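Residues per chain, in single letters:
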Amino acid sequence: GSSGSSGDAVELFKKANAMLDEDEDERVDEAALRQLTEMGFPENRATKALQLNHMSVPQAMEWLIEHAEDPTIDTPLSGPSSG
């Protein structure tokens, strides 16, 4: 018998082939926005979020999810119309 005791491991991940292109400064990215706006998010948010997510299509998503229920986000009301 031979082994440690205090912990050992508890993590697993992998990222085979994962490269695109980043866009910093200047107006927001549309290519990315499209993705979001294509999913089911408002340009405003997507845009804002993006800017906060270094213009990330995936990242933003989460931010959009987490912020999905954020006040700052500022959202209108939902009357009768558009149900």
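That block above? That's the structure.
What counts, and where the lines are drawn
- Residues numbered from 1 in each chain as written, not as in the entry; some residues may be left out.
- Heavy atoms only, no water.
- Buried < 20%, exposed > 50% of the residue type's maximum accessible area, 1.4 Å probe, protein only.
- Helix = DSSP H or I, 4+ residues; strand = E, 2+ residues; numbered from the N terminus.
- Contact = heavy atoms within 4.5 Å.
- Arc of directions from axis to C-beta.
- Polar contact = N/O pair within 3.5 Å; in protein donor to acceptor, adjacent residues only side chain to side chain.
- 1 Å grid on protein atoms, 1.4 Å probe; cavity = no way out; pocket = protein on both sides within 12 Å on 5 of 7 lines; lining within 4 Å.
- Points joined across faces, edges and corners; volume = space filled by probe spheres on them.
- Axes fitted to C-alpha atoms, helices over the stretch in contact; angles between N-to-C directions.
- Parallel < 35°, antiparallel > 145°, perpendicular 65-115°, else oblique.
- Left-handed = near helix turned anticlockwise from the far one by under 90°.
- Nonpolar A, V, L, I, M, F, W, Y, C, P; charged D, E, K, R; others polar.

Peer 1: What should I look at first to understand helix α2 (residues 43-52) in this one?
Peer 2: Each turn of an α-helix holds 3.6 residues, which means side chains three or four residues apart point in the same direction. What α2 keeps buried is the set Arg45, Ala46, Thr47, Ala49 and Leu50. Those residues of α2 that are buried are in contact with α1 (30-39) and α3 (57-66). Two residues or fewer past α2, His54 is found with a positive phi of approximately 40°.

Peer 1: How do you make sense of α1 when you look at a structure like this?
Peer 2: The set of residues buried in α1 consists of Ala32, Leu33 and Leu36. Across the axial projection of α1, the buried residues extend over an arc of 100°, all falling on one side. Opposite the buried face of α1, at more than 90 degrees from it, the exposed residues are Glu30, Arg34 and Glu38. The inward-facing, buried residues of α1 contact α2 and α3. With a side-chain oxygen positioned 3.5 Å from the backbone nitrogen of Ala32, the residue opening α1 is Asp29.

Peer 1: Sorry, what's going on with the layout of surface pockets here?
Peer 2: Gaps between atoms show up when a probe of the same size as a water molecule is rolled over them. Here the largest pocket defines a volume of roughly 400 Å³. Along the wall of the largest pocket there are 15 residues; nearest its centre are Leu20, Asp21, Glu22, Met55 and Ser56. Going through the elements one at a time, α1 and α3 are the ones with two or more residues in the lining of the largest pocket. Looking at which element gives the most residues to the lining of the largest pocket, the answer is α1, with 3 residues.

Peer 1: What exactly am I supposed to notice about the packing of α1 against α2 here?
Peer 2: Between two packed helices, what matters for the description is the angle formed by their axes and the separation of those axes. Where α1 contacts α2, the axes come no closer than 9 Å and their chain directions differ by 130°. Here α2 runs oblique to α1, going by the angle between their axes. Considering the relative orientation of α1 and α2, their crossing is right-handed. Where α1 abuts α2, its residues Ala32, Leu33, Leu36 and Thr37 lie against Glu43, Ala46, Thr47 and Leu50. Along the lines of polarity and charge, the residues of the contact of α1 with α2 split into 5 nonpolar, 2 polar and 1 charged.

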